[PDB]
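Since the structure comes first, as structure tokens, the remarks are kept for the end.
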Amino acid sequence: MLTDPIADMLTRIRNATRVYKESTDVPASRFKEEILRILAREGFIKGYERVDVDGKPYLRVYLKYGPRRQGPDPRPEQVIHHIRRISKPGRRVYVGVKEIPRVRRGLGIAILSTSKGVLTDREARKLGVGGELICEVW
Amino acid sequence: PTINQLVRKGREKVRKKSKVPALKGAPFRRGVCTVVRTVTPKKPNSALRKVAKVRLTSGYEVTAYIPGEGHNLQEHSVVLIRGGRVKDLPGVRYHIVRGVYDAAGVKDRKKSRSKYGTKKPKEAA
RNA sequence: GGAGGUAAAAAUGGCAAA
RNA sequence: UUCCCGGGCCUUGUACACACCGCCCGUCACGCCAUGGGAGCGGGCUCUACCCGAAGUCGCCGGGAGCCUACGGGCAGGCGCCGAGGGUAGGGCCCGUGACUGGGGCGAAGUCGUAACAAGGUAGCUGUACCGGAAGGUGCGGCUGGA
RNA sequence: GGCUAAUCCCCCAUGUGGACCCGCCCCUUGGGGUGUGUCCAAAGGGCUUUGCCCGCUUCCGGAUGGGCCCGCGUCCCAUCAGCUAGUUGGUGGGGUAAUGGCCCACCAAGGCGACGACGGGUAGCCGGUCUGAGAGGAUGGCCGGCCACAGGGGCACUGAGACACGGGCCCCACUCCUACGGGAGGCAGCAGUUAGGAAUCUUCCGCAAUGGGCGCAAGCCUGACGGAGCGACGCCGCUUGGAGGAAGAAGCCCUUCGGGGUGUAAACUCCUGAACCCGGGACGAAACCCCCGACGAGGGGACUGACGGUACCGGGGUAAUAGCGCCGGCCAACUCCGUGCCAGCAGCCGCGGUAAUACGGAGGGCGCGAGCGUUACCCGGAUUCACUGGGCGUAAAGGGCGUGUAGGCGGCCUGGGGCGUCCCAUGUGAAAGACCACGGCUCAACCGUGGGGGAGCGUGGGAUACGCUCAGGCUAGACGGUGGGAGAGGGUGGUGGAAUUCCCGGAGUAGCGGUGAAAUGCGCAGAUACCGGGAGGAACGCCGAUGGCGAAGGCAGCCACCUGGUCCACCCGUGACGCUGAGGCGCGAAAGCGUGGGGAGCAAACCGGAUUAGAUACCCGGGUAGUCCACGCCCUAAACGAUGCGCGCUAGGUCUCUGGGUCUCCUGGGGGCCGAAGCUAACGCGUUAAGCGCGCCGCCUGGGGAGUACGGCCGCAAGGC
Ligand SMILES: NC[C@@H]1O[C@H](O[C@H]2[C@@H](O)[C@H](O[C@@H]3[C@@H](O)[C@H](N)C[C@H](N)[C@H]3O[C@H]3O[C@H](CO)[C@@H](O)[C@H](O)[C@H]3N)O[C@@H]2CO)[C@H](N)[C@@H](O)[C@@H]1O
Ligand SMILES: [Mg+2]
Ligand SMILES: [Mg+2]
Ligand SMILES: [Mg+2]
Ligand SMILES: [Mg+2]
Ligand SMILES: [Mg+2]
Ligand SMILES: [Mg+2]
Ligand SMILES: [Mg+2]
Ligand SMILES: [Mg+2]
Ligand SMILES: [Mg+2]
Ligand SMILES: [Mg+2]
Ligand SMILES: [Mg+2]
Ligand SMILES: [Mg+2]
Ligand SMILES: [Mg+2]
Ligand SMILES: [Mg+2]
Ligand SMILES: [Mg+2]
Ligand SMILES: [Mg+2]
Ligand SMILES: [Mg+2]
Ligand SMILES: [Mg+2]
Ligand SMILES: [Mg+2]
Ligand SMILES: [Mg+2]
Ligand SMILES: [Mg+2]
Ligand SMILES: [Mg+2]
Ligand SMILES: [Mg+2]
Ligand SMILES: [Mg+2]
Ligand SMILES: [Mg+2]
Ligand SMILES: [Mg+2]
Ligand SMILES: [Mg+2]
Ligand SMILES: [Mg+2]
Ligand SMILES: [Mg+2]
Ligand SMILES: [Mg+2]
Ligand SMILES: [Mg+2]
Ligand SMILES: [Mg+2]
Ligand SMILES: [Mg+2]
Ligand SMILES: [Mg+2]
Ligand SMILES: [Mg+2]
Ligand SMILES: [Mg+2]
Ligand SMILES: [Mg+2]
Ligand SMILES: [Mg+2]
Ligand SMILES: [Mg+2]
Ligand SMILES: [Mg+2]
Ligand SMILES: [Mg+2]
Ligand SMILES: [Mg+2]
Ligand SMILES: [Mg+2]
Ligand SMILES: [Mg+2]
Ligand SMILES: [Mg+2]
Ligand SMILES: [Mg+2]
Ligand SMILES: [Mg+2]
Ligand SMILES: [Mg+2]
Ligand SMILES: [Mg+2]
Ligand SMILES: [Mg+2]
Ligand SMILES: [Mg+2]
Ligand SMILES: [Mg+2]
Ligand SMILES: [Mg+2]
Ligand SMILES: [Mg+2]
Ligand SMILES: [Mg+2]
Ligand SMILES: [Mg+2]
Ligand SMILES: [Mg+2]
Ligand SMILES: [Mg+2]
């Protein structure tokens with residue numbers, strides 16, 4: 001039924017990084033398209049493209065991972081150590097420019113939808129707007 | 001639970017119960033003794049602990065423990081309830097302050113005489 | 001050869017403790 | 001080598017671990033305490049209906065009867081509604097008490113059995129029904145927390 | 001009864017002006033203006049006096065204080081689920097400064113409630129205070145703001161304002177004075193008495209200051225206040241000396257007796273100097289008053305201190321109170337003696353029964369110091385109510401299962417609004433406290449000054465990504481069509497055979513049943529075992545499975561009728577119609593209950609026979625309800641996968657059921673096993689998650705007491721929730 005199409009996207013990404021898959025398919029949405037624009041510039045993915053699956057538009061989000069570590073357990077480190085939805089439909093989380101969190105002491109990213117568009121924590125304090133705290137990625 | 005379940009139901013406060021029903025939780029309470037005697041403790045131990053039924057001002061009648069070694073408590077003795085129970089005596093939850101109105105302090109006490117109510121002896125020192 | 005599937009016997013151990 | 005006793009290894013079951021000379025369940029006897037029921041009794045608060053009802057505001061009279069400084073007016077006075085409360089009658093909740101009674105909790109070493117844990121010697125537990133001093137047994141269906 | 005004065009009361013006038021009715025105009029709830037009619041005013045006093053001052057009257061305006069109303073927030077109990085007669089609304093009045101059922105008559109029958117009305121318990125609320133990393137939790141003592149009260153209860157009067165603490169009236173309770181008939185009083189003001197209690201002060205001094213009231217002023221009043229007094233009650237500051245001092249006295253403790261500890265502690269020697277004594281001595285005080293100027297601005301002069309001769313300054317000058325808790329682990333600090341599950345300790349675990357670092361004492365040690373401990377309470381630790389920040393297969397916990405009300409949540413695209421949300425500006429957010437700097441008391445506590453900001457809410461403006469809404473559209477969700485498929489899905493009606501038991505006939509005999517060994521029992525009245533025939537009920541062997549179906553409970557000979565769910569293909573229609581679901585509603589094994597029928601086998605209770613110390617049981621022989629049918633009840637469970645439902649994602653291998661295909665093989669649904677990643681405390685789960693997510697619901701919060709008692713609902717009861 002997809003109560004939240006945003007968390008299904010972030011979970012499809014999270015489920016594709018634990019098996020080290022080349023890419024994954026998420027359905028199409030112009031709002032999810034703007035969320036993925038932020039994941040590409042900050043360096044969590046390779047990008048996406050408006051593909052078409054059986055006449056239904058999806059999004060081939062190309063993943064990216066770290067260097068192949070040696071020794072025991074040779075799987076590489078994730079570029080996305082953590083990703084989760086905050087403003088869930090059961091509890092909408094709304095914040096302002098003073099109450100923006102320091103996601104992993106600035107080493108993380110805080111995507112949040114503003115009236116100026118889908119921006120992030122460092123772009124929200126520069127323009128001075130704030131808004132719906134979407135998610136935290138690090 | 002869910003957020004909506006917490007807006008509807010909420011969180012129940014624990015609201016702890018008192019272990020000392022001294023009627024308004026006063027620090028002390030004057031009472032007269034009715035029956036002073038000796039009882040037997042629980043299964044791991046075995047002795048003759050001195051206890052006392054005290055008719056307090058609040059109208060109830062509770063058992064009270066006599067601390068120390070030796071006392072001067074009778075059927076018409078006025079004592080002061082302190083608090084705190086005795087682990088080995090089921091039914092004893094209060095303590096008797098020694099050194100007040102009828103209960104004299106522990107005779108020949110020397111070390112912890114703040115408790116058991118004994119004054120400072122003066123032997124030229 | 002795979003299910004089904006073989007009892008006649010019998011009570012108890014004072015308390016607390018490295 | 002079936003069977004008594006002791007021992008070795010593997011496996012299984014365990015609520016046992018000062019370890020089966022283990023543990024453990026219920027009834028009964030004694031003691032302490034708390035609680036429910038209980039012929040009822042006592043008290044607080046509150047409600048409904050009625051009887052009476054001061055002060056006082058307001059409403060009417062103000063005359064066969066007073067006072068008045070400007071009198072188709074005022075005051076005194078009288079009447080009525082309301083009214084604190086008092087009284088009567090029935091209720092509602094709560095608290096305290098009561099001969100006696102039901103089960104409960106607790107208190108080292110009392111009596112009776114052996115239900116459970118090892119196929120615990122009747123695999124156990126469970127819902128219901130019946131019975132039995134008691135743990136408990138049996139019936140019907142269920143469960144694997146058993147083979 | 002009688003005089004008598006005023007800033008007392010009244011009448012006439014004047015009317016700037018104001019009030020009211022009516023009309024008109026602007027505005028637009030009763031605001032403002034205007035015209036006619038009417039109504040309303042008023043006080044004098046003192047002096048350097050026909051000139052000012054203090055007052056009076058009317059109206060408008062300011063400033064302050066208050067009344068009423070509204071939005072939002074404000075404890076627990078649902079074992080309180082219905083409440084409502086001035087109750088809800090209208091019309092007209094009464095009343096008030098003023099709206100209003102505030103009150104009164106009439107009419108309409110409404111108003112409130114699971115978003116918790118009504119009722120019951122409790123509580124004054126806040127700024128703040130305490131804690132806490134924070135969020136929150138707890139609190140409302142001093143100070144400040146608002147309220148409510150003044151022995152309990154009602155009521156009005158005066159007045160700008162009171163339903164009036166030290167004003168009035170009345171009723172009650174109580175105390176007191178009485179010539180007995182009718183009077184006095186209200187410390188929850190300041191002290192003080194008594195009572196209760198674990199517990200809480202001086203019947204002190206002063207109006208010098210600040211503030212209030214009156215008065216032109218002088219000044220009077222102020223238990224407001226300023227101070228003093230008591231109390232280690234809290235915090236802060238300080239003292240009981242300081243420097244020397246023996247390889248180290250005495251006493252005491254331990255000792256492997258050789259010595260170690262108290263212990264540089266003491267004595268002793270220098271040095272400083274609390275307390276004390278003497279002299280001096282305040283800041284808080286400058287106005288009001290007077291003089292010059294006009295009793296204005298400005299300038300000048302004088303009076304006045306409770307605390308108090310007090311803090312303080314200067315001189316002199318004495319070695320000058322130490323106590324309490326603890327020493328098993330947590331938790332810092334160890335030896336001797338006594339005692340012997342005794343006496344005793346104790347916050348938790350726990351010590352003690354002859355050698356106790358845990359009792360008691362001593363020595364020594366640790367910790368704090370005019371304090372130290374204890375008891376009670378609040379937060380913390382407690383992330384054990386988890387919003388930050390918890391959980392439910394087996395530890396506490398998924399409702400027995402469905403359907404479904406409200407509610408919560410909801411797919412893709414593009415527009416409109418901008419309610420949530422976000423930004424900026426403005427207003428508020430009193431002071432105090434808190435926080436940061438600098439000051440004042442010789443520091444600090446205390447206090448002054450300045451600065452800094454929250455959030456919340458009102459107003460103006462902007463933004464439109466997400467949520468909401470309106471409108472258009474789309475098909476992946478969901479539903480429907482067409483064609484087929486399997487199945488113990490459910491109800492009704494009929495029907496087949498095997499077997500058990502009983503009756504009848506034939507035949508036939510000395511035993512049959514039964515145990516794990518025997519009896520009870522049955523049988524020469526002709527049993528068991530065999531043949532033939534009949535009745536009657538219940539269950540359906542083989543197929544059958546580790547199988548199928550249903551949401552669960554559960555469902556099995558066969559036939560037929562009625563009927564439900566589901567699956568696959570074709571991708572045709574509707575077009576977001578969805579998911580979950582408190583309450584409700586219905587179903588719900590067995591046992592049980594009622595009413596009637598039926599009753600072969602089995603079989604609670606019951607009776608025998610054995611076993612046994614005993615047997616109310618296990619085993620044997622009988623056997624009644626029940627089992628079975630029809631209707632109505634009951635509503636439980638190990639109702640179990642001890643895993644609620646829905647959707648998306650994440651390796652595979654293998655067995656099996658059921659469709660479809662260009663059917664080697666692929667793909668949809670379902671039932672099993674093993675296992676990537678991952679999870680978990682472990683067992684184990686693992687596309688049929690206990691994984692990664694999201695929506696909604698139920699539930700959990702240590703064990704016993706207890707699924708008990710009371711209350712409520714349901715039931716015929718048993719009993720259930
Ligand atoms: N404790 C829970 C309850 O205890 C009940 O049992 C209670 C009694 O049955 C039991 O009595 C036991 C007795 O069983 C056993 N056979 C002998 C023992 N001496 C008794 O003990 C009792 O009595 C003595 C004095 O007589 C007390 O000192 C002792 O503390 C107490 N347990 O003592 C228990 C209470 O202490 C049942 N077990 C049960 O109902 C329930 O579990
Ligand atoms: Mg015995
Ligand atoms: Mg035994
Ligand atoms: Mg024993
Ligand atoms: Mg013992
Ligand atoms: Mg060997
Ligand atoms: Mg073994
Ligand atoms: Mg009773
Ligand atoms: Mg007239
Ligand atoms: Mg009673
Ligand atoms: Mg009783
Ligand atoms: Mg047994
Ligand atoms: Mg058994
Ligand atoms: Mg048994
Ligand atoms: Mg049973
Ligand atoms: Mg029986
Ligand atoms: Mg005029
Ligand atoms: Mg006139
Ligand atoms: Mg109160
Ligand atoms: Mg915390
Ligand atoms: Mg009084
Ligand atoms: Mg008046
Ligand atoms: Mg007054
Ligand atoms: Mg008074
Ligand atoms: Mg007293
Ligand atoms: Mg003064
Ligand atoms: Mg003054
Ligand atoms: Mg010495
Ligand atoms: Mg001065
Ligand atoms: Mg230590
Ligand atoms: Mg000893
Ligand atoms: Mg100790
Ligand atoms: Mg000791
Ligand atoms: Mg907490
Ligand atoms: Mg606590
Ligand atoms: Mg939480
Ligand atoms: Mg937990
Ligand atoms: Mg459990
Ligand atoms: Mg709905
Ligand atoms: Mg949406
Ligand atoms: Mg808006
Ligand atoms: Mg402030
Ligand atoms: Mg300040
Ligand atoms: Mg189509
Ligand atoms: Mg639409
Ligand atoms: Mg549903
Ligand atoms: Mg049933
Ligand atoms: Mg039945
Ligand atoms: Mg029947
Ligand atoms: Mg009948
Ligand atoms: Mg039989
Ligand atoms: Mg025997
Ligand atoms: Mg039998
Ligand atoms: Mg099962
Ligand atoms: Mg559910
Ligand atoms: Mg279930
Ligand atoms: Mg499968
Ligand atoms: Mg497996
Ligand atoms: Mg029950």
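Labels used: A, B, ... for chains in the order of the structure tokens, numbers from 1 for residues in each chain, and numbers from 1 for ligands as shown.
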**OP:** Just list the residues in chain A DSSP gives helix (DSSP H, G or I) on the backbone, as a PyMOL selection string.
**Re:** chain A and resi 5-17+30-41+121-127
**OP:** Please check which protein, DNA or RNA residues sit within 8 Å of ligand 32, counting only C-alpha atoms (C1' of nucleotides) and all ligand atoms, and write them as a ChimeraX atom specification.
**Re:** /E:327-328,345,358
Could those residues be written to a file, using N, CA, C and O atoms (P, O5', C5', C4', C3', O3' and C1' of nucleotides), as a PDB file, in the first residue's frame?
```pdb
ATOM      1  P     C E 327      31.112   0.095  60.140  1.00  0.00           P
ATOM      2  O5'   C E 327      32.649  -0.098  59.816  1.00  0.00           O
ATOM      3  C5'   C E 327      33.098  -0.153  58.473  1.00  0.00           C
ATOM      4  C4'   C E 327      34.602  -0.187  58.367  1.00  0.00           C
ATOM      5  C3'   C E 327      35.310  -1.276  59.137  1.00  0.00           C
ATOM      6  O3'   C E 327      35.237  -2.524  58.495  1.00  0.00           O
ATOM      7  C1'   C E 327      36.463   0.755  59.403  1.00  0.00           C
ATOM      8  P     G E 328      34.768  -3.806  59.317  1.00  0.00           P
ATOM      9  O5'   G E 328      34.964  -4.977  58.272  1.00  0.00           O
ATOM     10  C5'   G E 328      35.006  -4.676  56.892  1.00  0.00           C
ATOM     11  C4'   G E 328      34.965  -5.920  56.055  1.00  0.00           C
ATOM     12  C3'   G E 328      34.498  -5.706  54.628  1.00  0.00           C
ATOM     13  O3'   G E 328      35.551  -5.342  53.768  1.00  0.00           O
ATOM     14  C1'   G E 328      33.233  -7.428  55.608  1.00  0.00           C
ATOM     15  P     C E 345      21.047  -4.686  68.178  1.00  0.00           P
ATOM     16  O5'   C E 345      22.053  -4.825  66.968  1.00  0.00           O
ATOM     17  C5'   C E 345      23.249  -4.076  66.969  1.00  0.00           C
ATOM     18  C4'   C E 345      24.033  -4.277  65.707  1.00  0.00           C
ATOM     19  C3'   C E 345      23.393  -3.754  64.449  1.00  0.00           C
ATOM     20  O3'   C E 345      23.526  -2.358  64.326  1.00  0.00           O
ATOM     21  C1'   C E 345      24.325  -5.878  64.048  1.00  0.00           C
ATOM     22  P     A E 358      34.688  -8.511  62.781  1.00  0.00           P
ATOM     23  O5'   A E 358      33.703  -7.955  61.681  1.00  0.00           O
ATOM     24  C5'   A E 358      33.302  -6.595  61.713  1.00  0.00           C
ATOM     25  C4'   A E 358      31.837  -6.426  61.420  1.00  0.00           C
ATOM     26  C3'   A E 358      30.892  -7.176  62.349  1.00  0.00           C
ATOM     27  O3'   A E 358      29.760  -6.358  62.627  1.00  0.00           O
ATOM     28  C1'   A E 358      30.488  -7.807  60.112  1.00  0.00           C
TER      29        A E 358
END
```
Subject >> chain B contacts to chain C at 12 Å (only C-alpha atoms (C1' of nucleotides)) as a VMD selection string >> reply: chain B and resid 42 to 46
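For ligand 38, the neighbouring protein, DNA and RNA residues, which are those within 12 Å when only C-alpha atoms (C1' of nucleotides) and all ligand atoms are counted, are residues 145 of chain D; 392, 393, 394, 395, 396, 397, 398, 642 and 700 of chain E.
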Using only N, CA, C and O atoms (P, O5', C5', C4', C3', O3' and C1' of nucleotides), please write the residues we just selected to a file, as a PDB file, in the first residue's frame.
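Writing done, so here's out15.pdb:
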```pdb
ATOM      1  P     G D 145       7.623 -28.794  22.300  1.00  0.00           P
ATOM      2  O5'   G D 145       6.904 -27.912  23.392  1.00  0.00           O
ATOM      3  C5'   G D 145       7.629 -26.904  24.075  1.00  0.00           C
ATOM      4  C4'   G D 145       7.828 -27.264  25.520  1.00  0.00           C
ATOM      5  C3'   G D 145       7.298 -28.634  25.925  1.00  0.00           C
ATOM      6  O3'   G D 145       8.155 -29.220  26.894  1.00  0.00           O
ATOM      7  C1'   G D 145       6.255 -26.964  27.216  1.00  0.00           C
TER       8        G D 145
ATOM      9  P     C E 392      10.615  -7.756  22.059  1.00  0.00           P
ATOM     10  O5'   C E 392       9.202  -8.333  22.473  1.00  0.00           O
ATOM     11  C5'   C E 392       9.113  -9.416  23.377  1.00  0.00           C
ATOM     12  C4'   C E 392       7.687  -9.836  23.599  1.00  0.00           C
ATOM     13  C3'   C E 392       6.955 -10.342  22.383  1.00  0.00           C
ATOM     14  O3'   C E 392       7.233 -11.700  22.148  1.00  0.00           O
ATOM     15  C1'   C E 392       5.590  -8.817  23.576  1.00  0.00           C
ATOM     16  P     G E 393       7.681 -12.190  20.701  1.00  0.00           P
ATOM     17  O5'   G E 393       7.564 -13.763  20.798  1.00  0.00           O
ATOM     18  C5'   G E 393       6.292 -14.379  20.793  1.00  0.00           C
ATOM     19  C4'   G E 393       6.417 -15.869  20.697  1.00  0.00           C
ATOM     20  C3'   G E 393       7.057 -16.538  21.894  1.00  0.00           C
ATOM     21  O3'   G E 393       6.129 -16.805  22.922  1.00  0.00           O
ATOM     22  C1'   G E 393       8.114 -17.286  19.928  1.00  0.00           C
ATOM     23  P     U E 394       6.347 -16.177  24.369  1.00  0.00           P
ATOM     24  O5'   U E 394       7.156 -17.297  25.138  1.00  0.00           O
ATOM     25  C5'   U E 394       6.759 -18.650  25.054  1.00  0.00           C
ATOM     26  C4'   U E 394       7.883 -19.571  25.437  1.00  0.00           C
ATOM     27  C3'   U E 394       8.650 -19.179  26.683  1.00  0.00           C
ATOM     28  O3'   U E 394       8.033 -19.629  27.875  1.00  0.00           O
ATOM     29  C1'   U E 394      10.162 -19.686  24.940  1.00  0.00           C
ATOM     30  P     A E 395       7.567 -18.593  29.006  1.00  0.00           P
ATOM     31  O5'   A E 395       8.919 -18.065  29.641  1.00  0.00           O
ATOM     32  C5'   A E 395       9.425 -16.790  29.300  1.00  0.00           C
ATOM     33  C4'   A E 395      10.114 -16.130  30.458  1.00  0.00           C
ATOM     34  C3'   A E 395       9.415 -14.916  31.038  1.00  0.00           C
ATOM     35  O3'   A E 395       8.491 -15.280  32.041  1.00  0.00           O
ATOM     36  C1'   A E 395      11.723 -14.458  30.683  1.00  0.00           C
ATOM     37  P     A E 396       6.918 -15.274  31.771  1.00  0.00           P
ATOM     38  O5'   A E 396       6.504 -13.763  31.951  1.00  0.00           O
ATOM     39  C5'   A E 396       5.599 -13.383  32.964  1.00  0.00           C
ATOM     40  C4'   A E 396       5.087 -11.998  32.717  1.00  0.00           C
ATOM     41  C3'   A E 396       4.747 -11.693  31.281  1.00  0.00           C
ATOM     42  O3'   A E 396       3.451 -12.133  30.979  1.00  0.00           O
ATOM     43  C1'   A E 396       5.986  -9.909  32.218  1.00  0.00           C
ATOM     44  P     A E 397       3.202 -13.429  30.088  1.00  0.00           P
ATOM     45  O5'   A E 397       2.327 -12.837  28.920  1.00  0.00           O
ATOM     46  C5'   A E 397       1.331 -11.885  29.232  1.00  0.00           C
ATOM     47  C4'   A E 397       1.460 -10.653  28.384  1.00  0.00           C
ATOM     48  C3'   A E 397       1.531 -10.900  26.896  1.00  0.00           C
ATOM     49  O3'   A E 397       0.243 -11.032  26.323  1.00  0.00           O
ATOM     50  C1'   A E 397       3.187  -9.330  27.553  1.00  0.00           C
ATOM     51  P     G E 398      -0.269 -12.441  25.770  1.00  0.00           P
ATOM     52  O5'   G E 398       0.506 -12.621  24.400  1.00  0.00           O
ATOM     53  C5'   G E 398       0.642 -11.547  23.481  1.00  0.00           C
ATOM     54  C4'   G E 398      -0.539 -11.474  22.568  1.00  0.00           C
ATOM     55  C3'   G E 398      -0.599 -12.553  21.507  1.00  0.00           C
ATOM     56  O3'   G E 398      -1.962 -12.811  21.211  1.00  0.00           O
ATOM     57  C1'   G E 398      -0.493 -10.454  20.474  1.00  0.00           C
ATOM     58  P     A E 642       4.540 -22.884  18.736  1.00  0.00           P
ATOM     59  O5'   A E 642       3.867 -21.544  19.235  1.00  0.00           O
ATOM     60  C5'   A E 642       3.836 -21.224  20.607  1.00  0.00           C
ATOM     61  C4'   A E 642       2.626 -20.413  20.972  1.00  0.00           C
ATOM     62  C3'   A E 642       2.835 -18.911  20.976  1.00  0.00           C
ATOM     63  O3'   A E 642       1.607 -18.239  20.717  1.00  0.00           O
ATOM     64  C1'   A E 642       2.567 -19.722  23.206  1.00  0.00           C
ATOM     65  P     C E 700      -1.627  -5.109  30.054  1.00  0.00           P
ATOM     66  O5'   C E 700      -0.084  -5.434  29.985  1.00  0.00           O
ATOM     67  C5'   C E 700       0.377  -6.746  30.241  1.00  0.00           C
ATOM     68  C4'   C E 700       1.872  -6.790  30.215  1.00  0.00           C
ATOM     69  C3'   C E 700       2.535  -5.931  31.255  1.00  0.00           C
ATOM     70  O3'   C E 700       2.574  -6.589  32.501  1.00  0.00           O
ATOM     71  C1'   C E 700       3.617  -5.672  29.162  1.00  0.00           C
TER      72        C E 700
END
```
Original post:
What lies within 12 Å of residue 87 in chain E using only C-alpha atoms (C1' of nucleotides), ignoring chain neighbours under 4 positions off, as a list in words?
Top reply: residues 83, 101, 109, 110, 111 and 112 of chain E
If you keep N, CA and C atoms (P, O5', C5', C4', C3', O3' and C1' of nucleotides), can you produce a file of those selected residues as a PDB file, in the first residue's frame?
```pdb
ATOM      1  P     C E  83     -28.285   9.730  34.434  1.00  0.00           P
ATOM      2  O5'   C E  83     -27.770  11.214  34.301  1.00  0.00           O
ATOM      3  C5'   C E  83     -26.783  11.698  35.188  1.00  0.00           C
ATOM      4  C4'   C E  83     -26.416  13.115  34.865  1.00  0.00           C
ATOM      5  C3'   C E  83     -27.557  14.106  34.822  1.00  0.00           C
ATOM      6  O3'   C E  83     -28.013  14.515  36.091  1.00  0.00           O
ATOM      7  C1'   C E  83     -26.148  14.446  32.973  1.00  0.00           C
ATOM      8  P     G E 101     -30.093  36.908  29.486  1.00  0.00           P
ATOM      9  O5'   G E 101     -30.267  35.794  30.622  1.00  0.00           O
ATOM     10  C5'   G E 101     -29.878  36.043  31.970  1.00  0.00           C
ATOM     11  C4'   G E 101     -29.777  34.795  32.802  1.00  0.00           C
ATOM     12  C3'   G E 101     -29.035  33.661  32.121  1.00  0.00           C
ATOM     13  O3'   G E 101     -27.612  33.658  32.309  1.00  0.00           O
ATOM     14  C1'   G E 101     -31.246  32.975  32.640  1.00  0.00           C
ATOM     15  P     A E 109     -41.867  22.621  20.554  1.00  0.00           P
ATOM     16  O5'   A E 109     -40.433  22.194  21.069  1.00  0.00           O
ATOM     17  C5'   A E 109     -39.333  22.091  20.176  1.00  0.00           C
ATOM     18  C4'   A E 109     -38.050  21.798  20.909  1.00  0.00           C
ATOM     19  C3'   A E 109     -37.900  20.358  21.390  1.00  0.00           C
ATOM     20  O3'   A E 109     -36.534  19.979  21.347  1.00  0.00           O
ATOM     21  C1'   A E 109     -37.731  21.811  23.214  1.00  0.00           C
ATOM     22  P     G E 110     -35.808  19.683  19.959  1.00  0.00           P
ATOM     23  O5'   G E 110     -34.904  20.964  19.765  1.00  0.00           O
ATOM     24  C5'   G E 110     -33.570  20.954  20.233  1.00  0.00           C
ATOM     25  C4'   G E 110     -33.308  22.043  21.239  1.00  0.00           C
ATOM     26  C3'   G E 110     -31.949  21.985  21.916  1.00  0.00           C
ATOM     27  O3'   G E 110     -30.909  22.547  21.146  1.00  0.00           O
ATOM     28  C1'   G E 110     -33.601  22.222  23.555  1.00  0.00           C
ATOM     29  P     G E 111     -29.601  21.685  20.832  1.00  0.00           P
ATOM     30  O5'   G E 111     -28.679  21.946  22.083  1.00  0.00           O
ATOM     31  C5'   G E 111     -28.420  23.270  22.487  1.00  0.00           C
ATOM     32  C4'   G E 111     -27.836  23.318  23.864  1.00  0.00           C
ATOM     33  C3'   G E 111     -26.654  22.413  24.106  1.00  0.00           C
ATOM     34  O3'   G E 111     -25.453  22.951  23.610  1.00  0.00           O
ATOM     35  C1'   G E 111     -28.170  22.198  25.875  1.00  0.00           C
ATOM     36  P     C E 112     -24.369  21.984  22.961  1.00  0.00           P
ATOM     37  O5'   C E 112     -23.875  21.105  24.179  1.00  0.00           O
ATOM     38  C5'   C E 112     -23.025  21.683  25.144  1.00  0.00           C
ATOM     39  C4'   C E 112     -22.723  20.751  26.281  1.00  0.00           C
ATOM     40  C3'   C E 112     -22.014  19.466  25.938  1.00  0.00           C
ATOM     41  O3'   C E 112     -20.655  19.612  25.610  1.00  0.00           O
ATOM     42  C1'   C E 112     -23.718  19.017  27.486  1.00  0.00           C
TER      43        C E 112
END
```
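Across the model, the gap from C1' of residue 44 in chain D to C1' of residue 153 in chain E is 19.3 Å.
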**OP:** List all protein, DNA and RNA residues that have an atom no more than 10 Å from any atom of ligand 42, counting only C-alpha atoms (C1' of nucleotides) and all ligand atoms, and report them as a PyMOL selection string.
**Re:** chain E and resi 127+429-433
**OP:** Considering only C-alpha atoms (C1' of nucleotides), return as number ranges by chain whatever protein or nucleic-acid residues lie within 10 Å of residue 101 in chain A, sequence-local ones (same chain, fewer than 3 positions apart) excluded.
**Re:** A: 95, 97-98, 104-106, 109-110, 121, 133, 136
Residue selection dump (C-alpha atoms) as an mmCIF file, in the first residue's frame:
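The resulting file, out16.cif, is reproduced below:
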```
data_model
loop_
_atom_site.group_PDB
_atom_site.id
_atom_site.type_symbol
_atom_site.label_atom_id
_atom_site.label_comp_id
_atom_site.auth_asym_id
_atom_site.auth_seq_id
_atom_site.Cartn_x
_atom_site.Cartn_y
_atom_site.Cartn_z
ATOM 1 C CA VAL A 95 12.117 22.192 12.862
ATOM 2 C CA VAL A 97 16.892 27.246 11.939
ATOM 3 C CA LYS A 98 17.874 27.368 15.616
ATOM 4 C CA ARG A 104 27.317 13.248 13.588
ATOM 5 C CA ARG A 105 29.145 16.516 14.453
ATOM 6 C CA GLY A 106 28.770 17.724 10.878
ATOM 7 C CA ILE A 109 23.929 15.040 6.486
ATOM 8 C CA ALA A 110 20.441 16.192 7.460
ATOM 9 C CA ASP A 121 21.372 21.243 7.012
ATOM 10 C CA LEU A 133 13.349 17.257 8.915
ATOM 11 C CA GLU A 136 19.729 11.720 8.494
#
```
